[PDB]
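Quick setup: one chain, the form deposited in one PDB entry, written in structure tokens, and binding and motion questions come after.
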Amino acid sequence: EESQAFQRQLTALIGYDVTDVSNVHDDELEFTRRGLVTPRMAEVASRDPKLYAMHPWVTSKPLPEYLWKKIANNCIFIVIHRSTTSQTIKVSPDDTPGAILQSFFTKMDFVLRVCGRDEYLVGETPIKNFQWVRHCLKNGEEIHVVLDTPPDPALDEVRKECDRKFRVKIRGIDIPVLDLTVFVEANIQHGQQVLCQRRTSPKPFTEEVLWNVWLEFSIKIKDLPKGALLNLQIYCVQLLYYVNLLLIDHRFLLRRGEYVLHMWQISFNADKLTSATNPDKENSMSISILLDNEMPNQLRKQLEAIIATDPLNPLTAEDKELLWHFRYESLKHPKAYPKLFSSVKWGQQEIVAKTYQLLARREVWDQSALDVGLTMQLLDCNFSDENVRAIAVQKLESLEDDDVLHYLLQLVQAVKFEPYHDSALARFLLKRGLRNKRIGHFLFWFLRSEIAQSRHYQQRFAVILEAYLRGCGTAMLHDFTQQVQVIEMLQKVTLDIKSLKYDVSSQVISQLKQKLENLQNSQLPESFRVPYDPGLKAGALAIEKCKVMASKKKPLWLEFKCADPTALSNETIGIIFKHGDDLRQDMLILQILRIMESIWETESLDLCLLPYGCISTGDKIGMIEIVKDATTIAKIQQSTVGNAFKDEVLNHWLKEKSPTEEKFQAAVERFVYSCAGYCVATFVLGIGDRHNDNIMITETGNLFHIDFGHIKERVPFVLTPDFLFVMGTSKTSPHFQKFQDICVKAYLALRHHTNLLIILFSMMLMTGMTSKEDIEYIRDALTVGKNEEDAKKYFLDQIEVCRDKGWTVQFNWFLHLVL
């Protein structure tokens, strides 16, 4: 009774009813729901109540060289607040919050919480290892902390509880509303690799097409591997409809009986591997089927060259036969594992057996230091083997919480490549999310994003999210309810306003202010956590400061009062609500940008990127962080010029925005670093040729790219004469020499992680955006196979292309966006 009311709560939180069984041909999902109860109960039981409640955000990574330079006399200052009194305490970087709290007991148990944020400085960790402390030192900000009560862990309450050949009969296909011919193609797939293919006779394409044909395959029943798919496709030759059926179910049983599968239409892609059937029964095409059944010196040199190549380089049959024959020598190299597991003939019982016998000897793999890039390779579309994939998830177990946040989005997307709903990787995301509130918060949104707009993976993700939500605790369930109610309310307003020329009229601005006033006094909760920044609690809408922006898509500019009084400022929380752009694509790029920032940190570099907050909430809709004191490069050009570009404008803008020369000199240095940062990052990703309306800058000189939704004279990246003027070049300058030095050092630093970026990219396009040629872009961009000296000049040439193009490209972009 109250059990049923709790499920409706979950349904509203998830955005999908998990109990629904109208779109299933088996009990996989229900078996998975049941399956995940154990990992859920196991993690809820093993987590420390106190640390789970306070969620301390910490890193074990060494403090970078640039932050060591910002700390004088091995002393950090912390301002400790309480009601009206605040004192500054000299703290050593190695001091534990427990020891610092004893100093505010002798110098005249409570907890140290960051001012105006739900972020605590607790646990056996030196302050230098707290992310917020690192954040403050990075931006040159004073650490303000408040002395208050630790939150009650009671609030985190969890509610109690055979030699025959394989064959398939194709009965027929049928579409309600369609003189071309048509045929059905049947494939036995195991991780992209087609083991066996069979076709039907072409019949005239009508509203109902019957065959009653037994399609005998070459592959034997015994040779079928677990995780193999019966891919059914309809070609008219152009492909129109597809559907997948797992030949061996979640119970290790060979699939039998009658099946009526509603197929997916066509507009490679993770959506093409889905075991799910089309929920649209009334309009979709459906298919009716029936089932009822030691090594030489030279070869080592050749093998080592194979192992060394990038993850995209294809293996020839020659390469594969070499890798397999010398699998035991190959097993001694963890970097070889993806290529070795691609040399496996999975449609042969004896070979798979030998592969499993091989995996028993994982000495080198197990002992090796974790390589994320290598681990990620084994979780892509090329590996359907549960045991192969499990060895990767095993390596991920050793990632610290800080690192899980870096890879979380890609890891959630990587669930799409899993043959079965319950999987080691799904369980891993469940385990990590339940162990940490920050991981859990993002995990919620990431999964909620896919459920909202992916009919291909909503059922699988909805099972995982229900599993999370059933163990996250009342506290967080309350937080997610407040967030879901707010965003649902605001999405309605976003779409309503878009429905009402690029001119923002008086009648439109009034209608928005009218709707927001109506929500405020109605059912909008008093406060809510910011989905892209869970540390911040937003309160009431500042209607006066709210507006509709003069754009193509007409987004909402919303401003909130901070719910936390303990904030040392009366700053408002700015959020943009937008319909028209695919923000899942923006989310993926931003996640890659943060991975690049972490790669530069390893080499003690800070290229000052601004990977702003961005959450996808539904179909072509979501929210974006308003970056305070920032403007568009085009708006700076519009203020002096109008519609033509002047080089002196940018440097002039930074001068008038600077109070002192001391702050202006810092603004120039920040522009040099940030420009170099975006120049390298956008180039590698192939999203460099951009209009200056899509590039922003802060009043503090920080340059940043925005609007990554959907991406002749071309340019590697945007390096315009106005950017070069801030560096002091029309020639060369000590700033421009510093710029080229940063670029090369940054570009070469990313090339040291070629395999990682290639995998992240390969996966990003498969789950977020395309063709083989689109994926191979990054190989050329990262100059795979070239030496550092040769690669150093390559990027220096790319910079020289920008200088030789000038304003040409920018000007042509201006013409493009004005028809």
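Note that residue numbering begins at 1 and tracks the sequence as displayed. Think of the rigid core as the biggest set of C-alphas that the two forms share within 1.5 Å after superposition.
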Worksheet item: Is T277 without coordinates in at least a third of the other compared PDB entries of this protein that model the residues flanking it?
Response: no
Worksheet item: Are coordinates for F645 absent from at least a third of the other PDB entries that model its neighbours?
Response: no
Worksheet item: Do any residues of the deposited sequence lie unmodelled between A72 and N73, and which range holds their number: none, 1 to 3, 4 to 9, or 10 or more?
Response: none
Discussion item. Going by the PDB record, how many residues of the deposited sequence fall between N293 and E294 without any coordinates: none, 1 to 3, 4 to 9, or 10 or more?
Written reply: 10 or more
Fill in: Between 569-577 and 208-216 (mean CA B-factor, as deposited), the higher
208-216
Discussion item. Comparing average C-alpha B factors as deposited, tell me which of 457-465 and 394-402 sits higher.
Written reply: 394-402
Discussion item. Given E662, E350, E601, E119, identify the residue with the highest C-alpha B factor in the PDB entry.
Written reply: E662
Discussion item. If I read the C-alpha B-factors straight from the PDB entry, which of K431, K513, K320, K620 is highest?
Written reply: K513
Practice prompt. For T682, return the chain-relative third of its C-alpha B-factor as stated in the PDB record: lowest, middle or highest.
Written response: lowest
Discussion item. Where does the C-alpha B-factor of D707 rank in its chain, lowest, middle or highest third?
Written reply: lowest
Response to the item:
Assert third(CA B-factor, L36) within chain per record equals lowest
Discussion item. Among the modelled residues of this chain, does the Cα B factor of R82 put it in the lowest, middle or highest third?
Written reply: highest
Worksheet item: In terms of the chain's CA B-factor thirds, is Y612 lowest, middle or highest?
Response: lowest
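Keep in mind that the form deposited in another entry is missing from the display, and what follows is about it.
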Item to complete: Once the rigid core is lined up, just say which one of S551, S510, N212, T474 has a C-alpha that travels 2 Å or more between this form and the one not shown.
Response: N212
Discussion item. Relative to the superposed rigid core, does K203 relocate between this form and the one not shown - that is, does its Cα move 2 Å or more?
Written reply: yes
